[PDB]
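Here you get one chain, nothing else, as structure tokens; it is the form deposited in one PDB entry.
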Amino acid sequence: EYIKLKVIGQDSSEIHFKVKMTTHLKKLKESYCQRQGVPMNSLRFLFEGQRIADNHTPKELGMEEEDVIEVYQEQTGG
């Protein structure tokens, strides 16, 4: 069926999404970036430490009702 997801940021701001288990999260990620107004390649979406790819589905990742997706920013260093 459907699953309720909570995408949280470092600022602890949380965006809620209602997604279906067998669906690519490439959209949820794309929607999030828009609500933030930043390029895709600007953030990283991790589910329990694991990097969420475009063709990733909550079923595959084994996400459950009311789960969290943490968002991280690009790291650079010299």
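Residue numbers here begin at 1 and follow the sequence given. In this text, rigid core is short for the largest set of C-alphas that superpose within 1.5 Å between two forms.
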- So which moves more in 5 other deposited structures of this protein by CA, 64 to 72 or 9 to 17, given a superposition on the core? 9 to 17
- Item | Residue stretch of maximal mean CA temperature factor, 66 to 74 vs 13 to 21 | 13 to 21
- Note on the structure: Mean Cα B-factor check, 29 to 37 vs 44 to 52, entry values; winner is 29 to 37
- Message: Split into thirds by Cα B-factor across the chain's modelled residues, where does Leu5 land: lowest, middle or highest?
- Response: middle
